[PDB]
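As structure tokens, one chain now follows by itself in the form deposited in one PDB entry.
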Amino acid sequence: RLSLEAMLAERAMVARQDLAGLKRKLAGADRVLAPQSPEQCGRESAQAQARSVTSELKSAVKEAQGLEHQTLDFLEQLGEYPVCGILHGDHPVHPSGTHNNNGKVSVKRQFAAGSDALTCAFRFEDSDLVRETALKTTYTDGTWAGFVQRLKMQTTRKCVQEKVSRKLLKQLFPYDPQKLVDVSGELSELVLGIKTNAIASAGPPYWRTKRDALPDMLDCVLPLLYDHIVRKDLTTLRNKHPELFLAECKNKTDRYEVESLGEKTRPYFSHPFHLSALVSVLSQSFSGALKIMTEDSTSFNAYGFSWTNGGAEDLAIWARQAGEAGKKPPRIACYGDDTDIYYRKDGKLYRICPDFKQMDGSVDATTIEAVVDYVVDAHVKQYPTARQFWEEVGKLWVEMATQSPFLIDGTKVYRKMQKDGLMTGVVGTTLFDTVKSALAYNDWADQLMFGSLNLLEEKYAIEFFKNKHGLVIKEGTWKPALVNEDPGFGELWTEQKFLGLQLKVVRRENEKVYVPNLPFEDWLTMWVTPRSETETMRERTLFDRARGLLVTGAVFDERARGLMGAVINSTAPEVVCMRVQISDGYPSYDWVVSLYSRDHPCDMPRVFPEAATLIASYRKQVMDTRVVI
């Protein structure tokens, strides 16, 4: 049946899954060890210290979770919605058990309290530093109090309608028309082309993951929706089946400061799959086309930027051609509220990296409608035949971004009082944020051309954004700094962070490679707060995260490189060469430097160079058949 070559491939594939034999075969194998930091104490002592810290964190979190949460009076109320009765064959779309107290759609918000990574950290670095950094922040569900507080900040903020046109958006957000999907083709194929998180909630009315809910959305609800869209019949469908247009307001689990646990917890909105999917066609095509600022000088857009393969250097070469403030144009780039501003002053280059507080709450209805228009238009320009249909989708998109009815906890249904303010979680969220941001910063530069250079000062800039745009600058982020225009080996660009990373220069054979960087404390904080079950898979997760952080820029910090190296070298060979979804290479300093330089891509150095042959139990060995006998 099979050939020997194929039989060997077939047996190699299975050997990487037989971890007992992999462990047996790789015992005592030559191993390329990573640069590593010495161990400070034993794994058992380290477990004890980790256990201790985890306990302190659990009790502080529980404390903050017991705080009273201010009422939800600031939201309009639409009573209770009935459970959707739509059936797809043998089963209902809305499952029988879930999200239904009786008749009415209900929802229960999750705030729970309460690490192998913290253990490792205690194993390889100074106890007191690990302790205080692991107590500064924590990955958690947040608190009811801070949830409601940030929700109020983002649903009730006094906004300022922006002054925007397609002319302006063409200027600030150039794209490449020929990279837009052909949006006139059948809807089914177009929807089948979009990408999505298979594990994410499909939202109402499916109340399961998207891979679970895909057929029910696809052959049942989406055709009904289409029927009613072209029949101009949407509001009677909204009446017959309210749950089809309902969202769920949810608390984002992530890294939070512990001291601020009762003030800060991000809210976001889960939308129905059939609506998000429909809009995603346009959204994702547009993301496909959008140029970034290193490609096109007029662009204010950094959404699509990459640090790797020259990106850092590109950012530098871009920035450093900014003009004298008041005379020539500055260099401004935005990714959401995360902005990077460069400007000159008596020839000398300066940089500012400001953030905005609850940026969603500052995004105005005019801006949202203008962006939806700009996208739909960008498509129907290239593909006129479908104009009407997608315009009818635009009307939906906007009502989804500004005025969706939504659940929070239990059966009550709410809605934002004003049209202004973005419902974070809607398709296009990041783009709306980026746009509003760039529009404001463009008005800023325009005011600089009219001699208002006192807008370069914290004092007046805060006023400007508050009064002219409704943007609240997270204080202390407007601190302009002198740029080291041409850094020497090991020197920073500035100490400021853009997209969470400092820019730095490193030596490579007398060349200067621009790379990301952070101080050790930051890398260690990221190490000890992973975002999330055999011993094996956990050991592998440790390995993977170490590699990841190294690649992100931890290899360019002394202490962090040592810690990640120690983790890697602890990893048992079976776990390194394991079949996972294998890569059994580690990132050396040199390889990562190559990753960020413009070099052609290439594979990581193998941890066990001769592992393939040791596993397969067979080298090739040249045997000449032309030999004389």
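Don't overthink the numbering: it's just position in the shown sequence, from 1.
Coordinates are given for every deposited residue between residue 71 and residue 72; the gap count there is zero. Where residue 114 is followed by residue 115 in the displayed chain, the model omits 1 to 3 of the deposited residues that sit between the two. Mean CA B-factor, 197-205 versus 126-134: the higher value falls on 126-134. When the two stretches 598-606 and 560-568 are set side by side, the higher mean Cα temperature factor goes to 598-606. Of the candidates 236, 149, 552, 367, the PDB record gives 236 the highest C-alpha temperature factor. When the C-alpha B-factors of 428, 405, 267, 354 are read from the PDB record, the largest value belongs to 354. Ranked by Cα temperature factor within the chain, residue 344 sits in the highest third according to the deposited record. When the CA B factors of the chain's modelled residues are split into thirds, the value for residue 55 lands in the middle one.
Among the modelled residues of its chain, residue 398 has a C-alpha B-factor that falls in the lowest third according to the deposited record. Per-chain ranking of the deposited C-alpha B factor places residue 260 in the middle third. Placement of the Cα temperature factor of residue 516 within the chain: middle third of the modelled residues, per the deposited record.
From this point on, the text means the form deposited in another entry, which you will not see here.
Hinge location among 16, 289, 292, 486 for the rigid parts moving between the shown form and the other one, by C-alpha fit switching from one part to the other: 16.
One change in the other form concerns residue 600 and residue 560, whose Cα atoms lie at least 3 Å closer than in this form.
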